[PDB]
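K.L.:
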RNA sequence: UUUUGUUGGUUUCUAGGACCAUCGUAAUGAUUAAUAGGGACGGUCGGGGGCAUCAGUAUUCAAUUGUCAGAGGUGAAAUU
Ligand SMILES: [Mg+2]
């Protein structure tokens, strides 16, 4: 009965994605991003924008013909953060509100075994 | 060297060297085995070293793959 997707929320700092796909992954549905719904450069990762994006994605899904999703969350990963952004949670909330159903939530952030050299240099990033 | 008369011997008796035998004598002869050290032995221990392979991969470029407005980046903010 329930037609599924995989939500894929790439929640980096300074932008969020919501990238709904089929179960194989190849054929997408909607790729809606934070910077797409709020033209302010700053307001990309910002929650409201993320929420809007999520809503848009949901709408797209509805148009297509899908009922449920599998939340996968990706923080920037590897050389950066490994910390889910400000607007992943917000996006999720938005999705929930939309009524597009939810099943099996994961964080598939690519946390390495032993990364190749990080940002900054040795003395780091000195504001 | 001392007497055989005194020189040149030769061999003694002998008294002092020295050197291999064999007989005896004696309680016949190696201090400890350092909570020093070395070394053997025994089971072990270890991200100790060398050489050899395996993973995670992770990033990147590229390949094929999909989807049409921005994604990167921000320190508050921008460029890019
Ligand atoms: Mg490069």
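Residue numbers (my numbering): 2 to 128. Ideal Cβ placement from N, Cα and C applies to all residues, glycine included.
So the candidates are 95, 103, 109, 50; which of them puts its Cα closest to the Cα of residue 78?
P.N.:
Comparing Cα positions, the closest option is 109.
K.L.:
Cα-Cα, which of 87, 102, 19 is closest to residue 38?
P.N.:
The candidate whose alpha carbon is nearest that of residue 38 is 19.
K.L.:
Within this structure, are the beta carbons of residue 83 and residue 65 separated by less than 8 Å?
P.N.:
Cβ distance not < 8 Å, so residue 83 and residue 65 don't count as in contact.
K.L.:
Spell out the partners DSSP gives residue 74 in its beta bridges.
P.N.:
The partner list for residue 74 (beta bridge, DSSP) reads 10, 108.
K.L.:
Given residue 60, which residues of its chain have a CB within under 7 Å of its CB, disregarding the five upstream and five downstream residues?
P.N.:
Counting only Cβ-Cβ distances below 7 Å, and skipping sequence neighbours, we find nothing.
K.L.:
Going by Cα to Cα distance, which pick from 17, 98, 2, 7 is closest to residue 1?
P.N.:
As shown, the chain starts at 2 and ends at 128. That puts residue 1 outside it, with no answer to give.
K.L.:
Helix, strand or coil: how does DSSP classify residue 21 here?
P.N.:
Three-state DSSP puts residue 21 in a strand.
K.L.:
Return the chain-ordered list of same chain residues with a C-beta closer than 8 Å to the C-beta of residue 1, the five sequence neighbours on each side being excluded.
P.N.:
The question about residue 1 has no answer, for the chain in this structure spans 2 to 128.
K.L.:
Cutting at 8 Å between CB atoms, please list the residues of its own chain near residue 120, excluding the five before and the five after it.
P.N.:
Around residue 120: 80, 81, 126.
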